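*Asks:* Quick one: structure below, then a few questions.
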Amino acid sequence: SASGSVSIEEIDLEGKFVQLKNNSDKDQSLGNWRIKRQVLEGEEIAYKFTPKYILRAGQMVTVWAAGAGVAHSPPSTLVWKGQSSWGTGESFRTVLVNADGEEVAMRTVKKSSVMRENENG
């Protein structure tokens with residue numbers, strides 16, 4: 001199984017998006033992978049990817065929310081259409097799971113303002 005081929009790159013403070021990065025030397029076949037963003041406030045969800053999509057060696061993919069008001073710009077910026085919050089919270093465990101169904105990565109990100117120099121927007 002692809003144990004940590006893709007990893008957590010960046011995550012939003014409120015969980016409006018996930019940013020992933022493939023540290024592997026080959027094209028990671030994506031689809032059976034899923035991002036479990038579980039918030040202690042009660043909302044816990046797993047974004048299962050599309051098995052049509054393959055993420056490249058040394059490339060990265062940003063999965064935003066539909067309710068983030070963001071423009072869906074494939075294949076750099078995928079947007080979970082039909083999800084507004086994408087697991088909003090002041091503290092949440094954003095888990096990356098592979099095709100096997102094993103939790104290959106995870107980062108507990110909190111609303112402490114994670115995005116620096118966001119002063120222009």
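Numbering starts fresh at 1 for the residues of each chain in the structure tokens, the chains themselves are lettered A, B, ... in the order given, and ligands are numbered from 1 as they appear.
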Skip residue A:112 itself and residues of its chain fewer than 4 positions away, then list as a list in words all residues within 9 Å of it, counting only C-alpha atoms.

*Replies:*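 Here the qualifying residues turn out to be residues 13, 14 and 90 of chain A.
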
*Asks:* Please, could you write that set of residues out with N, CA and C atoms as an mmCIF file, in the first residue's frame?

*Replies:*
data_model
loop_
_atom_site.group_PDB
_atom_site.id
_atom_site.type_symbol
_atom_site.label_atom_id
_atom_site.label_comp_id
_atom_site.auth_asym_id
_atom_site.auth_seq_id
_atom_site.Cartn_x
_atom_site.Cartn_y
_atom_site.Cartn_z
ATOM 1 N N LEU A 13 -6.914 27.202 8.758
ATOM 2 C CA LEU A 13 -7.134 27.370 10.220
ATOM 3 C C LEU A 13 -8.558 26.945 10.638
ATOM 4 N N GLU A 14 -9.527 27.216 9.755
ATOM 5 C CA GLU A 14 -10.957 26.899 9.959
ATOM 6 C C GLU A 14 -11.374 25.660 9.153
ATOM 7 N N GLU A 90 -12.640 25.117 15.542
ATOM 8 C CA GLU A 90 -11.501 25.765 16.205
ATOM 9 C C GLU A 90 -10.381 24.748 16.457
#

*Asks:* Check which residues of stretch 81-101 of chain A sit at most 12 Å from stretch 52-63 of chain A using only C-alpha atoms, and return one row each with the closest pair of atoms and their distance in Å to one decimal, ordered by chain and rising number, as CSV.

*Replies:*
residue,atom,partner,partner_atom,distance
A:81,CA,A:63,CA,10.0
A:83,CA,A:63,CA,11.1
A:86,CA,A:63,CA,9.3

*Asks:* Those residues with C-alpha atoms, as a compact mmCIF listing (two decimals), in the first residue's frame please?

*Replies:*
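File again.txt, as written:
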# COMPACT_ATOMS: atom_id res chain seq x y z
CA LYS A 81 -18.95 20.56 -4.64
CA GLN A 83 -19.80 20.80 0.98
CA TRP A 86 -15.38 21.16 4.78

*Asks:* Between A:18, A:66, A:40, A:114, which is the closest to residue A:84 once you count only C-alpha atoms?

*Replies:*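 Distance minimum relative to residue A:84 lands on A:66.
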
*Asks:* Report the distance between atom CA of residue A:31 and atom CA of residue A:77 in Å, rounded to one decimal place.

*Replies:* 15.6 Å

*Asks:* Could you give me, as a list in words, the residues within 8 Å of residue A:35, counting only C-alpha atoms and dropping anything in the same chain fewer than 3 positions from it?

*Replies:*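 Near residue A:35, the qualifying residues are residues 45, 46, 47, 48, 94, 95, 96 and 97 of chain A.
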
*Asks:* Store the residues picked out above in a file with N, CA and C atoms, as a JSON list (two decimals), in the first residue's frame.

*Replies:*
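The result, written out as result-v2.json:
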[["chain", "number", "residue", "atom", "x", "y", "z"],
["A", 45, "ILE", "N", -16.26, 14.28, 8.62],
["A", 45, "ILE", "CA", -16.54, 13.95, 7.20],
["A", 45, "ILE", "C", -15.27, 13.43, 6.52],
["A", 46, "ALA", "N", -15.45, 12.53, 5.54],
["A", 46, "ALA", "CA", -14.35, 11.97, 4.75],
["A", 46, "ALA", "C", -14.58, 12.28, 3.26],
["A", 47, "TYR", "N", -13.72, 13.13, 2.67],
["A", 47, "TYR", "CA", -13.76, 13.40, 1.23],
["A", 47, "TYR", "C", -13.07, 12.26, 0.47],
["A", 48, "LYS", "N", -13.87, 11.40, -0.16],
["A", 48, "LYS", "CA", -13.35, 10.37, -1.07],
["A", 48, "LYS", "C", -13.07, 11.02, -2.43],
["A", 94, "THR", "N", -7.36, 16.43, 10.71],
["A", 94, "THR", "CA", -7.48, 16.20, 9.26],
["A", 94, "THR", "C", -6.58, 15.02, 8.86],
["A", 95, "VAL", "N", -7.20, 13.86, 8.59],
["A", 95, "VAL", "CA", -6.51, 12.59, 8.36],
["A", 95, "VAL", "C", -6.48, 12.27, 6.86],
["A", 96, "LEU", "N", -5.33, 11.85, 6.34],
["A", 96, "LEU", "CA", -5.20, 11.37, 4.96],
["A", 96, "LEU", "C", -5.10, 9.84, 4.97],
["A", 97, "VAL", "N", -6.01, 9.19, 4.23],
["A", 97, "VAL", "CA", -6.13, 7.72, 4.16],
["A", 97, "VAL", "C", -5.88, 7.27, 2.72]]

*Asks:* Of the candidates A:76, A:119, A:85, A:5, which one gets nearest to residue A:27 if we count only C-alpha atoms?

*Replies:*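 Ranking A:76, A:119, A:85, A:5 by distance to residue A:27, first place goes to A:5.
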
*Asks:* List every residue of chain A that DSSP, applied to the backbone of this structure, assigns to strand (DSSP E or B), and report them as number ranges by chain.

*Replies:* A: 6-11, 17-22, 28-29, 34-39, 44-48, 54-55, 60-65, 73, 77-80, 91-97, 103-110

*Asks:* Could you work out how far atom CA of residue A:39 lies from atom CA of residue A:92, giving the answer in Å with one decimal?

*Replies:*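 The value is 4.2 Å.
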
*Asks:* Please report the interatomic distance between atom CA of residue A:7 and atom CA of residue A:23 in Å with one decimal.

*Replies:*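 Atom CA of residue A:23 lies 7.2 Å from atom CA of residue A:7.
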
*Asks:* With only C-alpha atoms as the atoms that count, which of A:24, A:65, A:121, A:78 lies nearest to residue A:12?

*Replies:*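 Closest candidate: A:65.
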